[PDB]
Chemist: 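The following block contains the structure, expressed as structure tokens.
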Amino acid sequence: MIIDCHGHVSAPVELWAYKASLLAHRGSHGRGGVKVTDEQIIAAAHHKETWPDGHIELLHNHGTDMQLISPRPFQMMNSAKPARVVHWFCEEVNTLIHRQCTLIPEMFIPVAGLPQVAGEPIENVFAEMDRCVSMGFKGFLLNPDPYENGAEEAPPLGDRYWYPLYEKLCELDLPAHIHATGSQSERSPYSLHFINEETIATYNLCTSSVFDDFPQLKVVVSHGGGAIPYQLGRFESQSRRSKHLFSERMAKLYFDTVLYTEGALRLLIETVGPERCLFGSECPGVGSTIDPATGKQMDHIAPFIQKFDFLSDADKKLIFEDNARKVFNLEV
Amino acid sequence: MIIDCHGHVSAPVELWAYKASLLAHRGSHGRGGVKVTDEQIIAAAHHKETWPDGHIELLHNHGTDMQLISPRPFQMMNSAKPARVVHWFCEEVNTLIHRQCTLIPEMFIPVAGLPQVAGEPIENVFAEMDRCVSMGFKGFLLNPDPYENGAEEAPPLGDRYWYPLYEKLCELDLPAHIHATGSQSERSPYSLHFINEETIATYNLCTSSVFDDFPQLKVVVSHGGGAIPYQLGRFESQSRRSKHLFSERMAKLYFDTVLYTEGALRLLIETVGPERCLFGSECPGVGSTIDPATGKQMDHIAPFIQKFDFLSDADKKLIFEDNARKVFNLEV
Amino acid sequence: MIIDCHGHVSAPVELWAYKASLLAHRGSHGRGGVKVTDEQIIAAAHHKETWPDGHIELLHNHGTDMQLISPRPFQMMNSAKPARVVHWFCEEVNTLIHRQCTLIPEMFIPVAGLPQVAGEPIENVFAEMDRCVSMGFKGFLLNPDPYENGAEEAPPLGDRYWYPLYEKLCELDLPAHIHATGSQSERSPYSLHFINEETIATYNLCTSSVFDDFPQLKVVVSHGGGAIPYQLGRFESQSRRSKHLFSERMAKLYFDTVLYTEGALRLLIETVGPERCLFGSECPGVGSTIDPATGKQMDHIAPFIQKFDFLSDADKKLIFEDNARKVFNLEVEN
Amino acid sequence: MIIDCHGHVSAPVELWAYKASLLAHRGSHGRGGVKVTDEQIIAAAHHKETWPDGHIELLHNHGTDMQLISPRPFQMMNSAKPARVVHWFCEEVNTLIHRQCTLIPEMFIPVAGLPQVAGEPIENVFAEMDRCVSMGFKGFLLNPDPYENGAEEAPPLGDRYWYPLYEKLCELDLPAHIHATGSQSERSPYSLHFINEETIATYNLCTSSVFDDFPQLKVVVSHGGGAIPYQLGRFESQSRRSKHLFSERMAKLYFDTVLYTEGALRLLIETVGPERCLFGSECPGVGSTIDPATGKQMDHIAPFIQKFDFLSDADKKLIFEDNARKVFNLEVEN
Amino acid sequence: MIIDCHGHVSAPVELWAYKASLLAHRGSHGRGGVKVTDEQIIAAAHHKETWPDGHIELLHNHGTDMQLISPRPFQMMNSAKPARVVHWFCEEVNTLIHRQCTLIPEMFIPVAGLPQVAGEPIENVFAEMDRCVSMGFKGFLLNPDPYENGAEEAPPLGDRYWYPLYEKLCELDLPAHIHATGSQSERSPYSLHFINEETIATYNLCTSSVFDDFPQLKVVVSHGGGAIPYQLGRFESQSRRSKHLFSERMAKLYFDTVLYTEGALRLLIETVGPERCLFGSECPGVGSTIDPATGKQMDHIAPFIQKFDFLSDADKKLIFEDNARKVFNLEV
Amino acid sequence: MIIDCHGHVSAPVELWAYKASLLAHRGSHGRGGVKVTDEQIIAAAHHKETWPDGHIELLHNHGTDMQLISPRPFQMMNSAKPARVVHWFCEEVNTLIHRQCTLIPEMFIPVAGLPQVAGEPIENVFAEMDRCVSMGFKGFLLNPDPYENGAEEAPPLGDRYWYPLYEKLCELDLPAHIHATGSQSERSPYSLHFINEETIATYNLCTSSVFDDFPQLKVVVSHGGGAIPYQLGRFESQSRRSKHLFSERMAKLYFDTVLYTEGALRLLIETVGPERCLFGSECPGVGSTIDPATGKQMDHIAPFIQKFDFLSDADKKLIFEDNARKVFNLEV
Ligand SMILES: [Cl-]
Ligand SMILES: [Cl-]
Ligand SMILES: [Zn+2]
Ligand SMILES: [Zn+2]
Ligand SMILES: [Zn+2]
Ligand SMILES: [Zn+2]
Ligand SMILES: [Zn+2]
Ligand SMILES: [Zn+2]
């Protein structure tokens, strides 16, 4: 089967309007909540939106059997004020994801957002983590830049600021899925910021003692590791002057395959190996456009991996299902 | 013939000491200048330092015939105060490079730093550009982040803030070589910051009308374009609703080959083509370490390109000399 | 006839979702626009949602014949960045109000938001004003605090920073309707901030030369003037050594009747007179809760005014009808 | 008897000069202190200065028997630096009020300033409170905005930041009299800022648990509650889904009658009742200008209340006398 | 005769209370003004205040025939907001000084404050200068730090920011009397800040081209030049490496003698000469305390100068009257 | 015997280059260290540079037998970021000084810099103080302005912020030598800033209870106490209402004689007495210029003190050796 480890929820429009209202009244109306029926939640999974077809229909067309769906990260407003609206919105998105996966369990598997508020101790996400565990969530999006490309930044991922979360994630045996959210920069919009933040996050993890202190910590880096597999040589070289090689820490990391060129997919898999690659596509999303020279949708990338002749059938099964099943603790 | 388009000056210690002193008295002692003889400058290009051998000796070992040497970018302190020390130090570095190229002209071709001060109009670098042109300089390092990963940032490269510079570069028919400088971030040290800034600079140039307005502008992006050749699919996808595709603007750009894995070199060349790649190594530098699996230096990357069977001899001559001769206007 | 001069649009949920997305991609996806059908715009004006009933049904239940609808002010994010999303959202709201009034012209009359970006010169709202004039809009919400209770504030309304806008309003002979937007304060939420800002705006206009320099400028102050009619004595007292008395400039202002107690409505009308009061209710909205004493919504305030013995039937026609017709340039319609 | 619960000290010029010098040397000359004789303190309460007549003569002309005098709030510079000059000045003002009330006890009753420094924990005012208690003070001015309309603001009055103060006030059984101080805004000068801050403070207290947690806390809101009695409807409406209604917490508050129009006084008393209104005038001060319609000062508001037919003579005794006696713990004196 | 060029007004207490009220209402009451009778103004000149005797009586006791009285600088609040209160207060102080000198012309000569608002162009003081000229004022206190030891500072005195004032002062042929005002520092209170600011101001004037561009500019530096005459050697030495000697610019400057030790007075006069020293005492003020070992008031410093045996009678006449008569254009 | 208590290390260029590099990579390269041989260090102490002769040769010319050498304060960058480079650079300077004193022990006695980081608790310099004590250091430079004339300042020296340091200094019975470092001001360059900071530091110490609480604390104020001996009268006057007089606290302080005019040297010695003056010259440095009226170097000031007829031979021995032997605990 094909399990896509990187999708984002197709939600009723009510969800995004709830965000706008929270921001407008800043909590003066209280928490309230998203009011949508089960029927509206299902309808949202079939609605075209800005894509060539509905979310469910696209996954069928591409041969994807199941997809792990998480919040749309660019909406999660981790730098917004007041803090409570960040928490409330994150909670409502997760609840909506839970409902949709309960209504469409044949296709969608829930992955949670963390209510990271820029500057708050990381322990402030633990209550929502626990609620999500109880709801059957299988992982958590981890944002290395809750400041959303502002004047300030958070500590690097090797900093002890993050250690309470790594400890909890190991206790749960659930993964962190590195994913930045928004960007306040006119130079780097959010879709580019994703990549730069994946690069910084991966670099931090491969030049610190995180995996010495948390040998079982499971981290999936989005978008084939940002720049890292392409730029690995220079960071490996610089690490020869140091304690442990960059590559020896990088070996601990998982990477998803959200890359829309064959050459990039080849380099990722040849660099980190089929044992550390999880098929993911972000479909529907950024890549849901047609190449006019081939007619293929750019985020229909499973065929590239199926056709790679340097991979065995066993390797392909790792990438398409077994790694996700292990990393996200998916049961038969 | 092998021409290495990306090297940084091996300078006598007196240069870096001049920087320290300038920062310490902030101009209260006057501009002054670096006081250093020629034997001292030559010695710098032969001194082993932390590398396995001297700068000249390494280039000989690797079969490099000539190298374009520019300032060491991480020393150029474009965010430092007061502004006059940034100008003065850049001018003194350019002068030292000129001396070293004159003293050792069988090897070194001069490329200039620009005295970019965070927040200053770009026209403030023109006087130095003119001086360097008079001295036979063949290009300029262009820093997209003179704020050096500070609380503020400069406008994106498509912003008219930069148009005066593109104008001058087209008048001179000389190239800009994209290279960031330092980084004030605890999360992103300068060696990582280089790559993220190349990604942003390239993204900005490929999603703006720069090459529509300056069809003849010559830009070389360092380090194989940051993340861009690896992450091209997602940015091409997003551009399909736009005046021009990301790839159509990217086709105007040149890239150097400062990449220390074979797979990354292959992906760069397959992505942009031999007609847009310039051999570069940054030797000596972060790559000047021994890969004990081979005994070879990591930045000795010419053999990788020489052994790619998908490239013709003509394609290899483009990468190793012809593109650089054209882009940097090198005379036989 | 009863014309309600203070209502805010009941918009399809797509409009607010559009705002959330603009803020999320910060305009990196381009301007785009709200994608809603005529059917969705009409349904929204009848949808029950947070109130006891739909927007149009409540106006029918209350005997309101027409209502001037403007943007929902607390959504207009005048302090948000980048500036372009403030402009774009304001334009989309105005376009949607035009469509809803076009689709339901027996009920709704269009009043425009201004794309006020904190810190920008006021002339940056003129292009959108001209577009709204072309679309038939009859007035403009004017926000004295586009900084939305932030660390900084705009100049007072008497400052020459605003004079270009007053000039244009006089050229058009169209009113400004004073209305603050959101509030970044934890002490002062937006529904309270409205009142305080109305008080400041009114105070500025009555202690400056605006009406000396723009005698025909038409200004309607929301919510019965914030605190001013109640606190008028202290401001009048301190004005006695100035060019004109506070009351002499205040006589130029119009005031809407969005007040939900009988005693406050009585004080408003006795203070400024029926010649300067425009019936307004903000229904549906803050006042859309059942008053236990009457079994009716608190924003069903028309009967209080109709039953005031100290007003003539002509006075009541001014409040319910004639003043809005004059101030908002309403032609013979229905 | 008529007790005016809202007056501010008429101090010798030396007190204000002392403030200027503290600010100038920023405490580098040490704390020092105001140097004034008993004679200078007495003369100041009779000096004409900016008003039509002396402080005591006006109270006699108006038939006020006694007045509770507190600091002049707009001089108390709660946002000034360094913090020590705020404390020192507050202490000197309180000492001077004690002396003036000691020297003229048939006229003046002491009410204290709190040395609120923007950003300091509220417990830093406790030492001075204890000293004022020892000196016979009968209440405390409480400033909800010690930041004085700056870039920052204090927590709302419902925040636990203030709970230590409410506890102490209940221990002492003495009231807080809500009063803002100066304002750094060019839009909102201090006389207007007073009103807006009273509105926020009242709103905070009526939408929080303060009176649930401190049922015997005594709070008097200056200037008839800012905007609140006039704007009560909208706040009541939005409170219907909360622990208690806005009006249910508002019933705990007392309000002074510093309002200079008859219609506003009528609305105040009809809204909160005579059981919660304390006569106050702020004479001499903002209202100390001749009302042309009466030939009397605008702050001569006692006759308006005395002539309200809808109040019993007992009601008027509550407003003029009994409420202040209960709230400020005034014993049988004169 | 003895003319004391450095005194500060003994004003009715109403003046300082007016400042407190301006600050309290921030102009919301309008400008208003100080309301005091001629009799109150005279009384203030006879009142002891915090001193051993009244202002007039002290000058009589010390043998001072006339004194130039200026605003009390530590009250002038040049960093206060809003700007208009700085201007209004300065104007009221100057008007009060004018009235007192008109009422007591046998003793007091008027010197004006400038309404310098931190950050305002210096041209904003010219209107008050003109009013003061019309009132017969004979000089102006010049504050080199209107920011009053804040986070920011004004340009050095050689900066062209100040050139419009130097031009006006030469047009009027009236002097600037360097005097700082308040200090927002817990480390340097105002009485120490005076000295440091005199040092900086003098240094700026002796290391710039001010006296080349304004050869006739008359500047009296308060308190014997801060640190400069004592520290002159090091600044002279450093200037030998430069254009003009520190001493050659310093020769253009006048200095008052507000120094309360004999040794300091000797050093000042031996360093700059009797031709550039103007007797001043600041009496009543900081020095109006009794030395318990001699019973002499510390600011009774004329006898020290009268008794110096290295000065001729002509020199002493320069210091005690002739220099002030020339510098402040005092007519017989 | 002449002991010069105020000299700054003549260091090989490699030291200042190490500073530049540290600032450039901000620790991303590791702490590293200065790499320099002994011939290079000796050569530094003999190299002419910009002076009329080498450091050692000048001291011989002037009759100075030994000099206490400390860091060059204007290089110590106490306001620089990140904090670790301030610590590392201070440590490397102290190590180099130790090497040079060991290599040239007939001349140089070691005095340490403190790794003061603006805003850090003073206890953060104790580890380095201990290390320097173990290495035989005889004193410490104390910077009252680690913020280097920035927007913020440190607490005054009487503040308990500094009491831990005074405690340690009394435990070690070692002195603090007051010396500011750099200055970020365009108005006050560092050579002027030194003097203003000495004035403030001395004022703070003489108007606080430091010497009441640490009667044995040894403090040497550079440059003859800034302005203080010249401006003493006004500060004594203001102190007559205080627990102790300014002069009574000032009597505990020592002053070095780095003053380059005869009159200033005389005023210092007459003001504080021979028992509190330590000969110092800062040679070579800002005073190493030829006064062409004599041909003598401005910082050759020993002859002035030798020829003062108001001092006994015993008084001169105090100034030239005995006070320094006692204050810096020098062994015979
Ligand atoms: Cl509203
Ligand atoms: Cl009041
Ligand atoms: Zn994603
Ligand atoms: Zn490079
Ligand atoms: Zn409204
Ligand atoms: Zn009051
Ligand atoms: Zn003075
Ligand atoms: Zn030194």
Side-chain angles (χ1 to χ4, degrees), chain C residues 199 203 206-207 227-242 245-247 250 267 271, chain D residues 2-10 45 48-64 67-75 141 177-180 189-198 220-227 229-230 255-269 277-307 319-320, chain E residues 24-25 28-30:
Chain C
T199 305
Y203 178 91
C206 296
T207 55
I228 295 294
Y230 183 64
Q231 292 287 345
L232 171 58
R234 67 184 303 89
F235 303 126
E236 182 77 336
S237 186
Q238 211 62 345
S239 73
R240 299 206 189 272
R241 52 96 183 167
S242 305
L245 288 169
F246 193 102
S247 59
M250 187 176 163
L267 183 59
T271 298
Chain D
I2 286 171
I3 303 174
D4 180 349
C5 83
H6 193 138
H8 303 310
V9 60
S10 287
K48 306 234 221 255
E49 65 163 313
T50 25
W51 327 120
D53 209 321
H55 188 151
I56 289 170
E57 166 84 337
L58 290 169
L59 299 180
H60 285 155
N61 292 340
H62 296 174
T64 292
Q67 186 183 62
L68 282 55
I69 51 166
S70 57
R72 291 277 172 180
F74 81 131
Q75 293 265 21
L141 299 194
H177 200 164
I178 305 298
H179 210 306
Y190 79 82
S191 174
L192 174 59
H193 184 64
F194 285 167
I195 300 316
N196 291 340
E197 285 295 326
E198 287 145 7
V220 178
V221 188
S222 286
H223 303 109
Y230 183 64
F255 293 89
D256 74 35
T257 71
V258 183
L259 298 159
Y260 303 127
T261 56
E262 175 177 7
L265 290 161
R266 174 184 296 105
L267 183 59
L268 169 63
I269 299 165
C277 290
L278 279 71
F279 174 66
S281 76
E282 214 251 305
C283 177
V286 180
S288 296
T289 61
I290 298 295
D291 184 345
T294 75
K296 299 263 198 164
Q297 272 178 208
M298 297 185 77
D299 52 17
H300 186 23
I301 52 177
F304 286 132
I305 293 169
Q306 300 182 306
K307 291 162 183 201
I319 295 172
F320 285 126
Chain E
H25 63 249
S28 75
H29 299 179

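A, B, ... follow the sequence lines: proteins, then strands. Residue 1 opens every chain. Only this structure's heavy atoms are used, side chains among them; waters, hydrogens and symmetry mates stay out.
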Chemist: Just so I know, are the side chains of D:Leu141 and D:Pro73 near enough to count as touching, which here means a heavy-atom distance under 4.5 Å?
Modeler: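 Yes. Closest side-chain heavy atoms under 4.5 Å.
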
Chemist: So, taking the atom named CG in D:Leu58 and the one named NZ in D:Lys48, what distance separates them when rounded to the nearest 0.5 Å?
Modeler: 9.5 Å

Chemist: Any heavy-atom pair between the side chains of C:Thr271 and C:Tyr230 that's under 4.5 Å?
Modeler: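 The answer is no, as the side chains (C-beta and beyond) never meet within the 4.5 Å cut-off.
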
Chemist: Please examine the side chains of C:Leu245 and C:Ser239, heavy atoms only from C-beta on, and report whether any two atoms are closer than 4.5 Å.
Modeler: yes

Chemist: Quick one: OG1 on D:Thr294 to CZ on D:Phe304, what's the gap to the nearest 0.5 Å?
Modeler: 6.5 Å

Chemist: Could you give the distance from CZ (C:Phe246) to CD (C:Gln238), rounded to the nearest 0.5 Å?
Modeler: 12.0 Å

Chemist: Rounded to the nearest 0.5 Å, how far apart are CG of D:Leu59 and OG of D:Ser281?
Modeler: 6.5 Å

Chemist: Mind checking what makes side-chain hydrogen bond (donor to acceptor under 3.5 Å, both in side chains) contact with D:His300, not counting sequence neighbours?
Modeler: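 side-chain hydrogen bond (donor to acceptor under 3.5 Å, both in side chains) check on D:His300 returns nothing, list empty.
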
Chemist: Could I get the full list of side-chain hydrogen bond (donor to acceptor under 3.5 Å, both in side chains) partners for C:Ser247, not counting sequence neighbours?
Modeler: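 Once residues adjacent in sequence are excluded, the partners of C:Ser247 under the side-chain hydrogen bond (donor to acceptor under 3.5 Å, both in side chains) criterion are C:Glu236.
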
Chemist: Going by the angle between their ring planes, with limits at 30° and 60°, are C:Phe235 and C:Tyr203 parallel, tilted or perpendicular?
Modeler: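 C:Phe235 vs C:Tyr203 ring planes: perpendicular.
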
Chemist: Take D:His55 and D:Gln67 through the test side-chain contact (heavy atoms from CB on, under 4.5 Å) and record every step on the way to the result.
Modeler: CA-CA 10 Å; D:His55 188 151; D:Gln67 186 183 62; 2.6 Å; yes

Chemist: Donor-acceptor check, side chain of D:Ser288 to backbone of D:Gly285, threshold 3.5 angstrom: yes or no?
Modeler: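 Such a contact is found between D:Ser288 side chain and D:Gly285 backbone.
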
Chemist: Would you say that D:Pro284 contacts D:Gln297 through its side chain, given a criterion of any heavy-atom pair below 4.5 Å between the two side chains?
Modeler: no

Chemist: Between CG of D:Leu278 and CZ of D:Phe320, what distance do you get to the nearest 0.5 Å?
Modeler: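 One finds 11.5 Å between CG of D:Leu278 and CZ of D:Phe320.
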
Chemist: For D:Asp256 and D:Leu268, work out which heavy atoms get closest and say how close.
Modeler: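 Nearest pair, atom of D:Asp256 first, then D:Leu268: O-CD2, 3.6 Å.
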
Chemist: List the atom of D:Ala264, the atom of C:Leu267, and the distance in Å for their closest heavy-atom pair.
Modeler: N-CD1, 4.0 Å

Chemist: Which heavy atom in C:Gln231 sits nearest to a heavy atom in D:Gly226, and how many Å separate them?
Modeler: NE2-O, 2.8 Å

Chemist: If you define the side chain from C-beta out and look only at heavy atoms, does anything of D:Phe74 sit under 4.5 Å from D:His193?
Modeler: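 Of all side-chain heavy-atom pairs linking D:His193 with D:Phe74, none is under 4.5 Å.
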
Chemist: Are side-chain heavy atoms of D:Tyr260 and D:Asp299 found at a separation under 4.5 Å?
Modeler: yes

Chemist: State, with a plain yes or no, whether a side-chain heavy atom of C:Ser242 is found less than 4.5 Å away from one of C:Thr207.
Modeler: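 Not touching, per the 4.5 Å side-chain cut-off.
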
Chemist: Do the side chains of D:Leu259 and D:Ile301 get nearer than 4.5 Å, heavy atoms only?
Modeler: no

Chemist: Go through the structure and list residues passing ring-ring contact (aromatic ring centres under 6.0 Å, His included) with D:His8, not counting sequence neighbours.
Modeler: D:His6, D:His179

Chemist: Any chance you could measure D:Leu192, atom CG, to D:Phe194, atom CZ, to the nearest 0.5 Å?
Modeler: 10.5 Å

Chemist: Would you name the heavy atoms of C:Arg240 and D:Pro292 that are closest together and state the gap between them?
Modeler: NH1-CD, 3.6 Å

Chemist: Over all heavy atoms of both residues, which pair between D:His177 and D:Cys5 is shortest? Give the atoms and the distance, please.
Modeler: CE1-O, 3.4 Å

Chemist: Please report the shortest heavy-atom distance between D:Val286 and D:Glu282, naming the atom on each side.
Modeler: N-OE1, 2.9 Å

